[PDB]
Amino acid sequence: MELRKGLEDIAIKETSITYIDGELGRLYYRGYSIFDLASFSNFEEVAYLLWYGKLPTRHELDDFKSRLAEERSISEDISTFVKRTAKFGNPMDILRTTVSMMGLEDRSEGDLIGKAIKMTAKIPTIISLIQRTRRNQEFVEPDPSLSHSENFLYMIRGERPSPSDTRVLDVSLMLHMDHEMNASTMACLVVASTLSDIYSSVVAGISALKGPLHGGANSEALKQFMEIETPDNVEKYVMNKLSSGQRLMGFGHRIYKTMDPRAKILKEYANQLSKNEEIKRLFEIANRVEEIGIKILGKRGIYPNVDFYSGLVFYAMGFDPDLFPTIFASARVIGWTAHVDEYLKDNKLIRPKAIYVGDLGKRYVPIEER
């Protein structure tokens, strides 16, 4: 009878997957600090951790790396669809549609985690074919001898990347794998709660993640940096924005009351990129914007979010800005699917109510009297 619009501070599940410490700027996956996983872990090891609940042994990780690598190919129907639509379609619409097709095409029963592994393996293949097609370049098929992040860069560039580029992509993807209960994870859980299949869940996740208010899954901050153009123009550009009551993009969180830990980590790993003159300039710009933003907005609890740096990092590695939401999905599908698996251990239908405003029992007025 009290409205809880937006479900602010309403707990919909218990979890052991991800803990966010909003106050102190900390984030844990299955009890491990995101700082330590970024320092020492890798895409496949964290995907193992999130899905199976423990760090893998050497043998377990070797088997699991093989399993992912051998599930990367996409169907002819899907690849043809991507080629047809890459240049005209919204990339999140393309990804929504191709994961829907993937689900339609998979007639096997059960095996949530096996289907999660398929989606996680194949999404980069789809994203890469979008990017290659837009540039009038040929599809680069996945190379199952390569690890996840190395292969992802190989499929964009058509040649094997540097180990430093690979490492930066690997960390940037680990940083996006889960964030507890956001709108997209909630969409996945509403669908799963009906005992619909895991592809249907993920399709709803993608559908939610497209929306600009989701948070995190946009390149708005990168666009800002590009519009600033030169480091010497930062103070003036920011002045034009703040004076007119516009936000600095990449700042603010509903959750962290300090620097987002994912932003801190990306800023550090960005140093390890080799940068052409454009990227170096864009990082100088971003750093200056960050400095001014923190002086002005810091006291109001407004700090850089993960998407202050994420779009610039993905751009630096050769992705078009408007693919960035797809890349987010490529990592977050692991969290989505882990959350669904956890919930379904003790499922409950999600079925809220509304508060009704209006008269009841109106007389049906026949059409000739209206």
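Start at 1 and count along the sequence shown; that's the residue number.
Could you check the entry and say whether 246-254 or 109-117 has the higher mean CA B-factor?
On average, C-alpha B-factors are higher across 246-254.
Regarding 280-288 and 147-155, which shows the higher C-alpha temperature factor on average in the entry?
Averaging CA B-factors over each stretch, the winner is 280-288.
By the entry's C-alpha temperature factors, tell me which of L266, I127, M239, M259 sits highest.
Of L266, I127, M239, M259, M259 has the highest C-alpha B-factor.
Looking at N271, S75, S193, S200, which has the biggest Cα B factor in the entry?
Each of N271, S75, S193, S200 was compared by C-alpha B-factor; the highest is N271.
Looking at the temperature factor on the CA atom of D232, which third of the chain's modelled residues does it land in?
Highest third.
Would you mind checking where the Cα B-factor of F64 ranks among the modelled residues of its chain, as the lowest, middle or highest third?
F64: CA B-factor falls in the middle third of its chain.
Please rank the C-alpha B-factors of the chain's modelled residues and tell me whether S100 sits in the lowest, middle or highest third.
Lowest third - that is where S100 ends up once the chain's C-alpha B-factors are sorted.
Which third, lowest, middle or highest, does the CA B-factor of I296 fall in along this chain?
According to the entry, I296 has a C-alpha B-factor in the chain's highest third.
Chain thirds of CA B-factor: placement of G89
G89: CA B-factor falls in the middle third of its chain.
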